[PDB]
Every structure is written in C-alpha cells, then in structure tokens.
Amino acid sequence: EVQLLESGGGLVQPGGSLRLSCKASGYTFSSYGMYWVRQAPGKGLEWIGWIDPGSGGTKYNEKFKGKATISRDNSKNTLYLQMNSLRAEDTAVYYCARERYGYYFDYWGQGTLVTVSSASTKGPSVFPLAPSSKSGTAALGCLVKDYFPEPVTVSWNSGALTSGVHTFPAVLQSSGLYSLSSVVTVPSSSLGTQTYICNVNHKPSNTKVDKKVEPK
C-alpha cells in the first residue's frame, strides 16, 4: 500500500518558519512527482511547490518565492518543506500529494495543521449560560472562553446527554485567545429534576473543568 506520513505540525511564532516532512512508502519514490498544497479553513486548495525526486528539479508559487524551499532525501523516501517569515494568513492545513505524471493526484497526506500565533498556552474560563426564567423547550449552555491553543472537547453529563447538543466552532478574538460555546436544548419540565453539567477538556494545558448550569 501507498502511505504518505506527514510530520512537523504545530505552533509557529509570527516571523518564524514551518518545517514539515512527508515520509513515503509502498512505491519507487523517484518515479513520481511530489507537491505541497495547503488549505485555509473554509477556503480552497492553494499549491505551494513541486519537486522531482529523480532530478531534484523544483517549482514554486510566485506568492511564496524566496520564502518557500522544498528538498528531498531519496535514501529515506522523505519530502521536505520550509516556509520562512510566516504571517497569520499562513494558518492552514498542509498536505503532501503524489502526482502520477500527466494523470492526477492519487495519494495524499493525512493533513497537517500549522497555526501561526505569538500567544502562550492558557487554560479556559468556563462560564454558564443559564436558562431564562421567562419561557415548552428550554435552552442552556456554558461559555468556554480565553484559551490557547485549539481544541476544546465539551461533553454533557459525562456523555449521557447527546440529544440537542450543539458545540459551536470557536472564534479567534482580539487578545489572540479562543472562545466557543456549547448549548443543549432540554424540555422545561426536567429543569429542577435533572442536573446539567458541561465537561470541558483543554488537552494542551491538561485543564479539566466541570461546571453546573443552574437557573438564576
């Protein structure tokens, strides 16, 4: 089988450089061309560069000229990428793709996220979103605020509450920290009966916070 193993993802300081790898297996590495394609979330596919592992011949996108460098090591079937002087616009999921000359892209990498930010690791502050006193269905949640970096996993009642749960994608605010909200819609009769807790886990900081949602 043909596998493309990527590595080198994470946090890069603005002005810093990303250094990625792409380990290939299951084929003759020199017989196929290799590309580096990135994709910003919500946006489309943007190619970075190309290399021929046989010749060492390379091509680059004009927008990345002088900043991007692609090299190879045929002895270990590894593809290399370096993109200098990164700005916040360079936050994307980076892929290494194999090309069949004149045909198509037959194999891809798993996708490597590279986030460019000068922020530091910080645990979140969980604030409840209480159900209203005024008014058959009641909506409540909790606000996961001021954390870095992504992601945050939110569960309700240790996973016993899955119906009507909507954990929203986070937003990058002015401070450089993230903020999301997870909301559950429940029948209004089970308010005083059933207890509602949101289980927040921020793995990069090992922050596990349980917060009970109670009416005001």
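A residue's number is simply how far along the shown sequence it sits, counting from 1.
Visitor: Are any deposited residues left out of the model between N74 and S75, and how many (none, 1 to 3, 4 to 9, 10 or more)?
Guide: Per the deposited record, the segment joining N74 and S75 has no missing residues.
Visitor: Of 151-159 and 39-47, which one has the bigger average CA B-factor?
Guide: Comparing 39-47 with 151-159, the higher mean C-alpha B-factor belongs to 151-159.
Visitor: Return whichever of 52-60 and 187-195 has the greater mean Cα B factor according to the PDB record.
Guide: Taking the mean C-alpha B-factor of 52-60 and of 187-195, the larger value falls to 187-195.
Visitor: From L81, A130, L113, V116, can you pick the one with the highest C-alpha B factor in the entry?
Guide: Out of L81, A130, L113, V116, the record gives the largest C-alpha B-factor to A130.
Visitor: In terms of recorded Cα temperature factor, pick the maximum from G123, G102, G109, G136.
Guide: Checking the PDB record, the top C-alpha B-factor among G123, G102, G109, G136 is at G136.
Visitor: Compared with the other modelled residues in the chain, in which third is the CA B-factor of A68?
Guide: Ranked within chain, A68 CA B lands in the middle tercile.
Visitor: Would the CA B-factor of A88 place it in the lowest, middle or highest third of its chain?
Guide: CA B-factor rank for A88: middle third.
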